[PDB]
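Visitor: Residue numbers (this note's numbering), protein chains in the order written: chain A, 18 to 446; chain B, 26 to 455. Using N, Cα and C, we set each Cβ at its ideal position, and we do this for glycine too.
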Ligand SMILES: Nc1ncnc2c1ncn2[C@@H]1O[C@H](COS(=O)(=O)NC(=O)[C@@H](N)CCC(=O)O)[C@@H](O)[C@H]1O
Ligand SMILES: Nc1ncnc2c1ncn2[C@@H]1O[C@H](COS(=O)(=O)NC(=O)[C@@H](N)CCC(=O)O)[C@@H](O)[C@H]1O
Ligand code: NA
Ligand code: NA
Ligand code: NA
Ligand code: NA
Ligand SMILES: [Zn+2]
Ligand SMILES: [Zn+2]
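1) Do residue 30/B and residue 199/B have their beta-carbon atoms positioned less than 9 Å apart in this structure?
2) Any idea what DSSP makes of residue 140/B, helix, strand or coil?
3) Do you know how far the Cα of residue 328/B is from the Cα of residue 394/B?
4) Would the stretch 397 to 415 of chain A count as touching the stretch 123 to 132 of chain B if we require 3 or more Cβ pairs under 8 Å?
5) Between the Cα of residue 65/A and the Cα atoms of 31/A, 91/A, 158/A and 297/A, which residue gives the shortest distance?
6) Cα-Cα, which of 315/A, 312/A, 284/A and 150/A is closest to residue 45/A?
7) Could you check which residue in 100/A, 23/A, 263/A and 315/A has the C-alpha nearest to that of residue 342/A?
8) Apart from the five residues just before and just after residue 378/B, which ones in its own chain have a Cβ nearer than 7 Å to its Cβ?
9) Please determine whether the Cβ atom of residue 109/B lies at a distance below 8 Å from any heavy atom of ligand 8.
10) Quick check: the Cα distance between residue 42/A and residue 388/A, rounded to an integer number of angstroms?
11) Note down the Cα distance separating residue 446/B from residue 366/B, rounded to an integer number of angstroms.
12) Residues bridged to residue 218/B by DSSP?
13) Closer than 7 Å between beta carbons: that is the criterion. Which residues of the stretch 355 to 377 of chain A meet it against chain B?
14) For residue 159/B, return the contacting residues in chain A, with the cut-off set at a CB-CB distance below 8 Å.
15) For residue 419/B and residue 392/B, I'd like the C-alpha separation in whole angstroms.
16) Should the stretch 94 to 106 of chain B be called in touch with the stretch 56 to 65 of chain B, which here means at least 3 C-beta pairs below 8 Å?
17) Give the residues whose C-beta lies closer than 6 Å to at least one heavy atom of ligand 6, in chain order.
18) Determine the direct distance from the alpha carbon of residue 40/B to that of residue 199/A, and round the result to whole angstroms.
19) By the three-class DSSP mapping on this structure, what secondary structure does residue 98/A have?
20) Flag residue 285/A as yes when its Cβ comes closer than 8 Å to any non-hydrogen atom of ligand 4, and as no otherwise.
21) Would the C-beta of residue 21/A count as close to ligand 3, meaning under 8 Å from any of its heavy atoms?
22) List the residues of chain B whose Cβ lies closer than 7 Å to the Cβ of residue 142/A, in chain order.
23) Does at least one heavy atom of ligand 8 sit under 8 Å from the Cβ of residue 270/B?
24) Helix, strand or coil for residue 97/B, going by three-state DSSP, please let me know.
25) Do the stretch 268 to 279 of chain B and the stretch 79 to 90 of chain B meet, that is, are 3 or more Cβ pairs less than 8 Å apart?
26) Counting contacts by CB-CB distance shorter than 9 Å, is residue 456/A in contact with chain B?
27) For residue 194/B and chain A, any beta-carbon pair shorter than 9 Å?
28) Run the proximity test for residue 253/A: is its beta-carbon closer than 8 Å to any non-hydrogen atom belonging to ligand 7?
29) For chain A, check one thing: does any of its Cβ atoms lie closer than 9 Å to the Cβ of residue 438/B?
30) Please decide whether residue 425/B counts as near chain A, where near means a Cβ-Cβ distance under 9 Å.
31) DSSP on residue 353/A, reduced to helix/strand/coil?
32) Helix, strand or coil for residue 271/B? Go by DSSP, reduced to three states.
33) Is it true that the CB of residue 271/A sits closer than 9 Å to the CB of residue 183/A?
34) Taking a cut of 8 Å between CB atoms, which residues from the stretch 131 to 145 of chain B lie near chain A?
35) Residue 435/B lies in the alpha helix (DSSP H); which residues open and close that run?
36) Which chain A residues sit within Cβ distance under 7 Å of residue 172/B?
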């Protein structure tokens, strides 16, 4: 009556003791790769019919930070896939309103999305998978689900996922992550895998007639084709947990006829503005480009570093939430300014390098800070507390650089470590 | 009895990578295990600063810079490193009377040029730099303790000598742990000075035993013990220092703390040879780092050292013969970055197709396999020659892919970032 989860075996794997908040268990559980030190990761992409806003940035920046922690800090090997839904009801509707082709519209806003990601120092994924380029593969995927008896064909030529038949199987559970969120259909909760197309919509040939993919099938198809029958990580915003992500799990389980397509499902919290999700529908949004005419990439990334990735956050506009981000960014800028100059202008010919008690105390705080940051990252990517640890260390380095005769080698090593953590955060100074 | 024993640190609570290193204390490759957490306390012997450093010195400091970058940048150990500067020495005293400038002025000049040469080679400075001239008082206190533990004696002239026989008698101490077979005022000829009575006209310092100078080995035990403590994870230097210098440091430090294992892993770089012999100031067969750098770049010199396993000797053929391959490799890396950066710059998302093709998948398969190959090479006693080869082979296939196949922009960027990561670990700059 309740979905079960299988933790991957630890034998032969990279073991860091990292714990992550897994939506499949609704708990923090130890992260263990399926193979070695490898992480196969699929992340749902944007719907490219319009500009991206600060809420989209929160999700992609937060998972960029997580990816950099996993790769740059823990040295996992991440193979990441993000889809682009360039065919969708919204794209069709917008393209008729504006009197341009569906592809021209989608390519424009896909281009602007990646430009915005690059402006925010977000790394591109290994693979970018457009629906328009995967329709043939989607048809083949749907054929297999039908052959496994988990989908049926309507008279009009649509294909629907058969929830009742899927649930019946002892190896399958429907809606593993939100169990309680559950005429021609057998049951109302069945969802389309293939939609019969109106003659005026864009459409593709199939064994069942001209149509389009349903809302969820492209993600199962693309990830299964490139990454296979087990994903280490699947991610997205919390609104996608159901129906979209739970439906992907059912589709992929139905295709492979197994019980666990994803080991760790990670959901970022929403950015709210004035108490409500930042939303195109609510017209309360700030585009990323507008945000970048007021604040820098570092400042926006600090905003997201200050908020735990899997919790919702409130954005107060008119600069209110950004005051703290600007202060922190300024302290990082001024810290680097001083330490870089002290290093550059240090003179080995005239200095004294005796390792003093003041040098030893700063070094002790330095090594301790490294251990604290390590524990924060293992604690479900706790960047707010890691950022605070860096701030505390900087306060003490600033005192040391002002008064004590300086240990050039220690300052260089401290500069390199803080650069390493800032690279991990995606900050550029 | 009759053979030195070695205690491997316990694994509980430590960072465990399965790295193996060639340990001179065991004369074997053994698993590297920190004394504490992920921390590595590391002392490396510094240069004698009375004249210019040469390519043999560069080989040792660059090879251990590469190892330090592997430990820190690649494996994420926390390295705390100390290097001494011997700015008081017989050679410095004699050279300063020849040059007719003060010993301090001469020593500071050639220390400064040593660090400039290191920076020119992209060698990272250590955490602490310990000059003998700033540590004499601490050295005196260290010797006082060795005398108090009955492991040293004072001669009538005011010198202090290490008492090898008394040290060996202790069941917890073995003398010459690393080269056991290499072993009038003295009790026995093998005793060595901790404090030397001052000769007339020499620089000198006060002590309870009279005016004098440190012996040849005592500063390193003193400085490392003061900053790093009673157990070092790593101690390093060239193979010529293994005995008497490093074995004598072990004896001094064991005598000070009256314990049995001051160093867990002793690493010795091989010598750079020229025409079959060690590159040597005495043999006048040396090439200064500065002269090398007027003909070759930092990258090219670092590639020369990456191509030779750190703990084996290497032959350097002059007149550009050994550098031919280094220049070719460096050029292939420069050209790779030029090409991949242009392909990235000119990629057009509006006109591309991004279907993940079989060609894309084959390159990705090679990419991830290369990552695991390099990982095993680094775990295998820092095997940079084979890691460098793996990177070269990967670049050969990336160049083919960029020329013909429709390119996966994200995959090319990810491969570039990984190669940047390994090159940072090597100390190469492109
Ligand atoms: N206010 C907010 N705060 C924080 N995250 C927010 C957000 N609004 C959207 N998101 C998250 O941003 C990502 C992109 O959202 S989006 O452009 O609307 N696209 C979509 O929702 C769908 N295209 C995802 C499904 C798929 O196509 O596979 C998705 O992960 C989405 O959950
Ligand atoms: N041809 C060669 N090939 C490869 N390594 C070579 C080398 N010649 C010297 N080395 C190594 O370079 C390092 C510095 O050497 S050096 O400047 O002569 N100084 C000394 O030997 C002493 N000052 C070390 C003892 C001490 O002072 O603590 C030492 O580690 C030494 O072993
Ligand atoms: Na079931
Ligand atoms: Na939902
Ligand atoms: Na003994
Ligand atoms: Na020797
Ligand atoms: Zn999706
Ligand atoms: Zn030494």
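Guide: Taking the geometry as given:
1) Residue numbering aside, residue 199/B sits at position 174 when the second chain is read from its first letter. Residue numbering aside, residue 30/B sits at position 5 when the second chain is read from its first letter. Their beta carbons are under 9 Å apart, which means residue 199/B touches residue 30/B by this criterion.
2) In the second chain, counting from the first residue as 1, residue 140/B sits at position 115. DSSP places residue 140/B in helix when its eight states are reduced to three.
3) The count along the second chain starts at 1 and reaches residue 394/B at position 369. The count along the second chain starts at 1 and reaches residue 328/B at position 303. Approximately 23 Å, taken between the alpha carbons.
4) no
5) If you number the first chain from 1, residue 65/A lands on position 48. When only C-alpha atoms are compared, the closest one is 297/A.
6) For this step, residue 45/A is matched to residue 28 along the first chain. With distances taken between Cα atoms, residue 45/A lies closest to 284/A.
7) Here residue 342/A refers to the residue found at position 325 of the first chain. Per the Cα distances, 315/A.
8) Here residue 378/B refers to the residue found at position 353 when the second chain is read from its first residue. Taken in chain order, the residues that qualify are 431.
9) Within the second chain, the letter at position 84 stands for residue 109/B. Yes, the Cβ of residue 109/B comes within 8 Å of a heavy atom of ligand 8.
10) For the purposes of this step, residue 42/A is identified with residue 25 of the first chain, where counting begins at 1. For the purposes of this step, residue 388/A is identified with residue 371 of the first chain, where counting begins at 1. For residue 42/A and residue 388/A, the distance between alpha carbons rounds to 28 Å.
11) For the purposes of this step, residue 446/B is taken as the residue at position 421 of the second chain. For the purposes of this step, residue 366/B is taken as the residue at position 341 of the second chain. Their Cα atoms are separated by approximately 16 Å.
12) Walking along the second chain from the start, residue 218/B turns up at place 193. Residue 218/B is bridged to 186/B.
13) 365, 366, 369, 370, 371 and 372
14) On the second chain, residue 159/B is found 134 positions in, with the first residue counted as 1. Near residue 159/B (Cβ distances below 8 Å), the residues of chain A are 369, 370 and 371.
15) Here residue 419/B corresponds to residue number 394 of the second chain, with the count starting at 1. Here residue 392/B corresponds to residue number 367 of the second chain, with the count starting at 1. Residue 419/B and residue 392/B: Cα-Cα distance of roughly 7 Å.
16) yes
17) 265/B, 267/B and 268/B
18) On the first chain, residue 199/A is found 182 positions in, with the first residue counted as 1. On the second chain, residue 40/B is found 15 positions in, with the first residue counted as 1. Those two C-alpha atoms are separated by around 46 Å.
19) Here residue 98/A refers to the residue found at position 81 when the first chain is read from its first residue. In the structure shown, residue 98/A sits in a strand (DSSP, three-state: E or B).
20) Within the first chain, the letter at position 268 stands for residue 285/A. It does not: the Cβ of residue 285/A is nowhere closer than 8 Å to a heavy atom of ligand 4.
21) Start at 1 with the first residue of the first chain, and residue 21/A comes out as number 4. Result no, Cβ not under 8 Å from ligand 3.
22) Mapped onto the first chain, residue 142/A falls at position 125. In chain order: 435.
23) Within the second chain, numbered from 1, the residue matching residue 270/B stands at position 245. Flag set: Cβ of residue 270/B near ligand 8.
24) Here residue 97/B refers to the residue found at position 72 of the second chain. The answer is helix: DSSP assigns residue 97/B an H, G or I state.
25) no
26) Chain A is shown from 18 up to 446; residue 456/A falls before or after that span and cannot be answered.
27) Along the second chain, one-based indexing puts residue 194/B at 169. No, residue 194/B lies away from the interface with chain A (no Cβ there is under 9 Å from its Cβ).
28) For the purposes of this step, residue 253/A is taken as residue 236 along the first chain, with counting starting at 1. Yes, since a heavy atom of ligand 7 falls inside the 8 Å radius drawn around the Cβ of residue 253/A.
29) To locate residue 438/B, count along the second chain from 1; it is residue 413. With 9 Å as the cut-off, residue 438/B counts as an interface residue toward chain A.
30) Residue mapping note: residue 425/B aligns to position 400 of the second chain, counting from 1. No, residue 425/B does not count as interfacial toward chain A.
31) Looking up residue 353/A in the first chain gives position 336. Helix, per DSSP.
32) Indexing the second chain from 1 puts residue 271/B at position 246. Three-state DSSP puts residue 271/B in a helix.
33) Start at 1 with the first residue of the first chain, and residue 183/A comes out as number 166. Start at 1 with the first residue of the first chain, and residue 271/A comes out as number 254. Taking 9 Å as the Cβ cut-off, residue 183/A and residue 271/A qualify as a contacting pair.
34) 133, 134, 136, 137 and 140
35) Indexing the second chain from 1 puts residue 435/B at position 410. Segment 434 to 451, the alpha helix (DSSP H) holding residue 435/B.
36) Residue numbering aside, residue 172/B sits at position 147 when the second chain is read from its first letter. Simply none; closest approach about 24 Å.
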